[PDB]
Structures are given as C-alpha cells and as structure tokens.
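Engineer: Handing you a structure now.
Protein chains in written order, with the authors' numbering: chain A, 3 to 391; chain B, 2 to 391.
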C-alpha cells in the first residue's frame, strides 16, 4: 500500500505516513491494528464517523437499486436532499424556501465553481474574497482563494477576484465603494478553516449582508467545512443571523461519499437557466442516499450536542498547560498554543492514541466526527496535554 | 412526488426531466411507473456495467462498512490498486512507461481536465490548443478548454490561453503551433469527440499530433472521459492509433455509477505536479475507488475485444435500417447519422418503443449503452430504433 503508493500516485500530497483500513464512530484503525481517536474526520468530512449504520443501510440499499443516472433523468434521493437542505436553510420561513434551489456537484471546488459562474451571470466584473480564505483548487475556486503561493504556479487566473482582510468591515465597505455597482459577489468562510480556525468577528456577516443589500451584491457563504452541524447550527452563518444569496457545501454532506452543493435563493437561483451549468455525476443517487442519512441524524438536537461538546472541549483545554486560547464553535475548534509546537504535537499524538492536525505552528485544529462521545473528548484533552507536556 | 418536487428544489440547469428512473440491471432501467427500457445511453457512457452489477454491489457494500472518506493525508488500499491497474492498462507491458507514470484522483471529468489544465500552466508556456466542438467540462478551467462558444459566453472572462482548432485538420494545427511553437504548453483532444455527436479522430491524426507535440516539447493530452474504460473496443481510444499521450483524463465509466475522476501523467507531465501544487479532499475516495477496482476487473482485454464485436454488430444491423445514412464510431460509442433532422423527435418517440436514446445533434442519435448489453438486446434495440424512425 504505502510501498506501492509513491510508484503510482502523483506526488501532490507526499507519501502518507499511515495507511487506514477500518474505522467506527470517532475512532480509526491502521494497517498494524493501532486504534486512534480521530480529531480530524478526513478534514471535517466524516460527520458521523466511519461505518455509521444510517449511512451503511442507505448506501447498500441504493447501490442494489440504482447508481448514476444523468440529470437527463430524475432520481428520488437528490430531490429529498434538496428539500431537506432548503428546509434547514430557511428556518421555518416558507416564502424563503419557495425561492431557494440547489445545484448538485461532487466537491467543494465544483460547488464554488457553480457560485463563481452565478457571480459571472450578474454581468459584473468584481468578485471579493478574504485573505487566508480557501475555496478550492480548480481554476475558478483557486481564483477565489486568498493564498498567493497556491495561485502563482497557475497564473493567469480567471479574472475578477480582489482580496480583503477577513473581518475588516471598514476596509470591505471602502473596497466595495471604490466601484460598488460592478461587485458581482462577496465570498467568505463563516469561520476560516485552512488558515487556522478564525471565526467571523461579531457583526461581520450582518455588515456584509447589509452592504450586499445596498449595491445589489450576492453574499456567498462557503459552508464546505462549517456546514452539516459542525459549528452548533446546521450552517455557521445562521449564528450571525443572515440569509446569504448563495451557500456552497461539500465535505460533511455525503458521509464519506463525494458530494458538493450550490444553494441559491432569489435572483441567484433564477440566474442559472437551462444549459448554463452542468455536471454528469450531479445528484448521484448513492452519495445523495448517504447525504439523507447524515441529514436525518444531524437535526436541531444533534447540532445542540455539537455546541455543548465544543464548550466541553474549550473548558477542559483552558485548564491544560501549553494552551493560551481555544477559538471556534462546536466541533470546529483551533487550540492556540504558547509555543510554535503544533506540527510536533500531530507527530507525537499518534503515540498518545490521537490523530491531530496543525494548520499553523501555534494552532492545532480539532475537527472531530460530530458523533464523538464526552468520554472520547475527555481522553483526547488528556492526550493533547501529555503530548505537549 | 419526485418529479412534482424537482422544479421546487433543483436549480433549472437541466429543466424538469420527463422520466423518474427507480431501478436498472445490465442494459435495462425501469421508471417509477414500472415501464422497462433498453438503456442505450448509460447516463452518457457512465454505467459501463449497468445498474446494480453484483461486482459493484459487493465492492461498495464491503467498503462502506469498513472505511469511507479518509483524506490524502492518509493512504487506503482501493486508491493505489485502481492507480496500479490504470497504469498497467495505460502502459501495455512496457514497464519503463509504467515506472514514469502516476495518477491524481478527483471526482469528475471537469476536475480531471482542471488538473491537466494546471499541468499545462506548470510548463511555463501560455498557449493551450483545444478542438472546436470539443468538450472537457463546465468548471472555469475545463470550460476554458471547451470549444463550444455558447457554453462559455455567459462566463467571460475565461482563464486565458485557450485557442481552438478544427478537429482532424493536421495542417491547420501544425500551422497554429508554428505561429509560436515553444509557447504551446499542451494540445487537448478527445480521441473521438462526444457531446456534438460521435466524430472519431481521422486515421493518422493522433500519430500526427504526437509527432508535432514531440518536436516542439508540447504535452499531448487525450480526454478519455467518455471514450475510456473499454467503450471503443480498446481500454483507451488512443491505443487504437498506437500513440502514447503525456496526459490521460478519465471519469464517467471508471466509477461504474459512483463519482470519480483521474488524471494520469507520464514523464515530465508526472514530475510537474510537486507536493502541495494541487489537491482535493474526496480524491482517492475508498468507496468510489472500490467500485472502480470492480469495473476494471470485469473490463479486461477479452471484454474489450467483445465491446468491439458488439460495435460492429450495431453498425451491420443499423446499415439495414431505413433512415440511416451511416453509423460512425467504434465499440459502444456510436453516432447514428439520419437523412432527416429527426434525432430529437426519435428520442421522445423512443420511450414509447422501450429505448433510451440521446440526440447530441439534430441528425445524430448517439449510442452509449452499458458495455454489458448482449447480442440479443442489441438486435431488439435496433428493431426499436428502426420502428422509432419508421
């Protein structure tokens, strides 16, 4: 596996240090039988952990019935998932739900490519994206990503994107006001994932929403990582009390199966007309079966349990020597460390039975399966403490 | 309830479909009213083995109960085995060519061409040449590469650098290159053009594109997303012409109904993608790759020889059908040329005669059935086409 990995896989990720074979709830096992507590979830994708019974049942049922059908044909699962996304998006406002639609694709990148294309249908040249933002690695999504060293090699980028400091309301408003009626869309992560874990400051998503409302700009929330109950609400942006024009989704929606989604309400939904956008695998019946199972489990009470478990983590880690602050909400958390020792904590965490992630030198990201138990959270905090000590 | 809820919940990119499919097996699918049709489209050449093929059922049911998504921060078995298996098919027992080739996994044709587009940008060269009527995908990079003006116009500005040549016109493409030859990153082409009907590369064209790419340091990039996984009677449609490309893009049939894509690169192409230069979370998905493994196990050299046999049978039975001028293509990627511009009409009437057809142009019916269609089902499919146009 690892021996034959570098002879066949394009060296885009290096060679992985561990091979995983199996997993269950918030635990995973390697090719030697070592069991770790998973605090990464394949980068916030495994919302229900590995082999969740809801997902197994949904996927085995569906694979024995019907796999890929084109969008030349209708399929029960895509529609059920569209319906439930629009319901969770609308928070009981039937008028909003009735103006909302979803376009299905296969990744966050593809999902931000559909939002990019909606931006272009506004007839406006300017797109605004945050510094340290990440929207994906396809050419549109990379254009939107606020990370120079990722873009350089592949210039020229599809034109139009400019970058603002995340949460600088003053800068963003002036930036818009330099040429307001030519701003198609403003893209933002409700909490920035790639950088570290940087929540939208208090009032920022409202500010952006109101600024979008004058000047007729689309507000686009990248919920690829923050979505499906990770932050304590179904959508991070729901906590800031905003109705975005466009929401992009992937990772946690498909429960270990490749899925993406571009939700658009109002004008934005009407902008995509027949023939303007498309994807072959869009609405895959098996991945949409896994999505429905995830949406049946990740309800209002399960999302509340994520919020409490995130507060439990913050409480236990503030008492740990080595940690200065824990930022984020629910199970999207960034442990800020006293010393730049995060990379070494990930490498020494494996010995303490824990899979960590270090987006920076002073930051450990905790993106565990939302099904994680309180006991696993307590064992994980002790593991982080005895790794950093 | 499915067709009634669709328009209320799905962005109108595709309209409301006329038909809700509920189940399928081999070369047939069944709608929510229980009518059964011979499937001559396979979701646009995706279901190489049909719906609910036992190999894919076992493969996926077994993998979903062990491990699904694990990032590329980690290794899992199914990815490396599919990669190893695709490099063996690509390489044709030339173990040097195999040792110099690598695969990046993604979730679609679009994502696979996005990776190829990026390989091209990593040449330091600005010009990328793509075919008129060529179709590489609907993301901004893959759309850039797509030689259909009406698909790109609403989305300008495109990533810069794409220029379009007439498919098969050697002297034109030679001349186009020679305007600035050391500044051509890559030439892109379908070995057989898919979405504008079924136009195969003229005899000698792929050899000529290889000679041309070789003398000026251009990457030859074969989009095999529709033509790949055995559809044309060879594993890769480019193998019929005896050329080795620098980059091969794949999806559709590779997944047998599950989302997957792949960008294979050999030699310098393979080296251009260094750690951190590209990525995707879902790339190398254990469930999709498990389905891909099972597809590859059924689509062996013998099955590909059989795809060729079944292709020649369709052409032979369709030659004797009134209304048909010609059947273009190879294996089970076929373009049925009509005397009248009645292809779209034939699709709607097809339903009534127990067939799913598809009309990529006004006078072309494109046939892309599951490769598992039997001689007997082909015969009934033609009879239905004859009676449909009749």
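Just so it is clear, CB atoms sit at the ideal spot from N, CA and C, and this is done for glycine as well.
Is the segment 34-50 of chain A touching the segment 8-23 of chain B in the sense that three or more CB pairs, one from each, lie closer than 8 Å?
Structural biologist: No, because fewer than three Cβ pairs between the segment 8-23 of chain B and the segment 34-50 of chain A fall closer than 8 Å, the two stretches do not touch.
Engineer: Going along the segment 16-28 of chain B in order, which residues come within less than 8 Å of chain A, judged by CB to CB distance?
Structural biologist: Within the segment 16-28 of chain B, the qualifying residues are 16, 17, 18, 20, 21, 22, 23, 24, 25.
Engineer: Would you say residue 274 of chain A and residue 14 of chain B are within 7 Å of each other, going by their C-beta atoms?
Structural biologist: Counting from one through the first chain, the residue named residue 274 of chain A turns up at place 272. Counting from one through the second chain, the residue named residue 14 of chain B turns up at place 13. In this structure, residue 14 of chain B lies closer than 7 Å to residue 274 of chain A by Cβ.
Engineer: Anything in chain A within Cβ reach of residue 154 of chain B, meaning under 9 Å, just list it in chain order.
Structural biologist: Counted from its first residue, the second chain places residue 154 of chain B at position 153. The contacting residues do not exist; residue 154 of chain B stays about 10 Å from chain A at best.
Engineer: Just reading off the alpha helix (DSSP H) that residue 177 of chain A is part of, what are its end residues?
Structural biologist: Reading the first chain from its first residue, position 175 is the one you call residue 177 of chain A. Looking at the DSSP string, the run of the alpha helix (DSSP H) that includes residue 177 of chain A is 171-180.
Engineer: Is the shortest distance between the beta-carbon of residue 128 of chain A and the beta-carbons of chain B less than 7 Å?
Structural biologist: If you number the first chain from 1, residue 128 of chain A lands on position 126. Closer than 7 Å: no.
Engineer: Which residues in chain A sit within 7 Å of residue 34 of chain B, going by Cβ to Cβ distance?
Structural biologist: As a first step, residue 34 of chain B is located in the second chain; it is residue number 33 there, counting from the start. Per Cβ cutoff of 7 Å: no residues; residue 34 of chain B is ~12 Å from chain A at best.
Engineer: For the structure I just gave you, are there three or more beta carbon pairs, one from the segment 131-143 of chain A and one from the segment 187-202 of chain A, closer than 8 Å?
Structural biologist: yes
Engineer: Taking the runs of the alpha helix (DSSP H) that are 4 residues or longer, which of them lie wholly in the segment 300-364 of chain A?
Structural biologist: 302-319, 344-351
Engineer: According to DSSP, which residues form a beta bridge with residue 21 of chain B?
Structural biologist: One-based indexing of the second chain puts residue 21 of chain B at position 20. As computed with DSSP, residue 21 of chain B is found in a beta bridge with A:76.
Engineer: According to the Cβ coordinates, are residue 141 of chain B and residue 125 of chain A closer than 7 Å?
Structural biologist: Stepping through the second chain from its first residue, residue 141 of chain B is reached at position 140. Stepping through the first chain from its first residue, residue 125 of chain A is reached at position 123. No, these two residues do not count as a Cβ contact at 7 Å.
Engineer: From the DSSP output, read off the bridge partner residues of residue 1 of chain B.
Structural biologist: Chain B is shown only over 2 to 391; residue 1 of chain B falls outside these bounds and no answer can be derived.
Engineer: Helix, strand or coil, according to DSSP, for residue 414 of chain B in the structure here?
Structural biologist: Nothing about residue 414 of chain B can be reported from this structure: the residues present for chain B run from 2 to 391 only.
Engineer: Just checking: is the beta-carbon of residue 354 of chain B within a distance shorter than 7 Å of some beta-carbon in chain A?
Structural biologist: For this step, residue 354 of chain B is matched to residue 353 along the second chain. No, no contact with chain A.
Engineer: Helix, strand or coil for residue 128 of chain B, going by three-state DSSP, please let me know.
Structural biologist: In the second chain, counting from the first residue as 1, residue 128 of chain B sits at position 127. Residue 128 of chain B: strand per DSSP, three-state reduction.
Engineer: According to DSSP, simplified to helix, strand and coil, what is residue 136 of chain B?
Structural biologist: Here residue 136 of chain B refers to the residue found at position 135 of the second chain. Three-state result, residue 136 of chain B: coil.
Engineer: Please list the residues of the segment 280-304 of chain A that have a C-beta atom closer than 9 Å to any C-beta atom in chain B, keeping them in chain order.
Structural biologist: 280, 281, 282, 283, 284, 285, 286, 287, 288, 289, 292
Engineer: Under 8 Å Cβ-Cβ, which residues of chain B neighbour residue 335 of chain A?
Structural biologist: Locating residue 335 of chain A in the first chain gives position 333, counting from the first residue. Those within 8 Å of residue 335 of chain A in chain B number zero; the least Cβ separation is about 18 Å.
Engineer: Check whether the Cβ of residue 98 of chain B lies closer than 7 Å to any Cβ atom in chain A.
Structural biologist: For the purposes of this step, residue 98 of chain B is identified with residue 97 of the second chain, where counting begins at 1. Against chain A, the CB of residue 98 of chain B has no partner CB under 7 Å away; the residue lies outside that interface.
Engineer: Can you tell me whether DSSP reads residue 69 of chain A as helix, strand or coil?
Structural biologist: Locating residue 69 of chain A in the first chain gives position 67, where the first residue counts as 1. Coil.
Engineer: Whole alpha helix (DSSP H) runs in the segment 213-296 of chain B with 4 or more residues, listed along the chain?
Structural biologist: Listed in chain order, they are 269-272.
Engineer: Within 7 Å of any Cβ in chain A, is that where the Cβ of residue 85 of chain B sits?
Structural biologist: Here residue 85 of chain B refers to the residue found at position 84 of the second chain. Interface residue, yes.
Engineer: Any idea what DSSP makes of residue 204 of chain B, helix, strand or coil?
Structural biologist: Taking the first residue of the second chain as position 1, residue 204 of chain B is located at position 203. Of the three classes helix, strand and coil, the one that applies to residue 204 of chain B here is coil, per DSSP.
Engineer: Tell me which residues share the same chain as residue 119 of chain A and place their Cβ nearer than 6 Å to its Cβ, disregarding the 5 neighbours each side in the sequence.
Structural biologist: Here residue 119 of chain A refers to the residue found at position 117 when the first chain is read from its first residue. Cβ neighbours of residue 119 of chain A beyond the five flanking positions: 279.
Engineer: Return the bridge partner residues of residue 102 of chain B from the DSSP annotation.
Structural biologist: Residue mapping note: residue 102 of chain B aligns to position 101 of the second chain, counting from 1. In the DSSP output, where bridge partners are listed per residue, residue 102 of chain B has B:267.
Engineer: Check whether the segment 333-345 of chain A touches the segment 354-362 of chain A, counting contact only when three or more Cβ pairs, one atom from each stretch, lie closer than 8 Å.
Structural biologist: yes
Engineer: Below 7 Å on C-beta distance, what does residue 158 of chain A contact in chain B?
Structural biologist: The residue you call residue 158 of chain A lines up with position 156 of the first chain. Simply 160, 161.
Engineer: Here's the rule I'm using: 16 or more other beta-carbon atoms within 10 Å means buried, otherwise exposed. How should residue 233 of chain A be labelled?
Structural biologist: The sequence position of residue 233 of chain A within the first chain is 231, counting from 1. Per the 10 Å Cβ criterion, buried.
Engineer: Give a yes or no on contact between the segment 108-123 of chain B and the segment 176-188 of chain B, applying the rule of three or more CB pairs nearer than 8 Å.
Structural biologist: These segments touch.
Engineer: Who pairs with residue 54 of chain A in a beta bridge, going by DSSP?
Structural biologist: For the purposes of this step, residue 54 of chain A is taken as residue 52 along the first chain, with counting starting at 1. None; residue 54 of chain A has no bridge partner.
Engineer: Show which residues of chain B have a CB atom less than 7 Å away from the CB atom of residue 388 of chain A.
Structural biologist: Mapped onto the first chain, residue 388 of chain A falls at position 386. Chain B residues near residue 388 of chain A: none, gap ~23 Å exceeds 7 Å.
Engineer: DSSP three-state label for residue 190 of chain B, please.
Structural biologist: Counting from 1 along the second chain, the entry for residue 190 of chain B is found at position 189. Here residue 190 of chain B sits in strand by DSSP.
Engineer: Do you know offhand how far residue 290 of chain B's Cα is from residue 69 of chain B's?
Structural biologist: Indexing the second chain from 1 puts residue 290 of chain B at position 289. Indexing the second chain from 1 puts residue 69 of chain B at position 68. Rounded to whole angstroms, residue 290 of chain B to residue 69 of chain B spans 10 Å at the Cα level.
Engineer: Buried or exposed for residue 310 of chain B, going by 16 or more other Cβ atoms inside 10 Å?
Structural biologist: Position 309 of the second chain, counted from the start, is the residue given in the question as residue 310 of chain B. It counts as exposed.
Engineer: With a cut-off of 8 Å, do at least 3 Cβ pairs link the segment 295-307 of chain B to the segment 219-236 of chain B?
Structural biologist: yes
Engineer: May I ask you to verify whether the segment 162-172 of chain A touches the segment 159-178 of chain B, counting CB pairs closer than 8 Å and requiring at least 3?
Structural biologist: no
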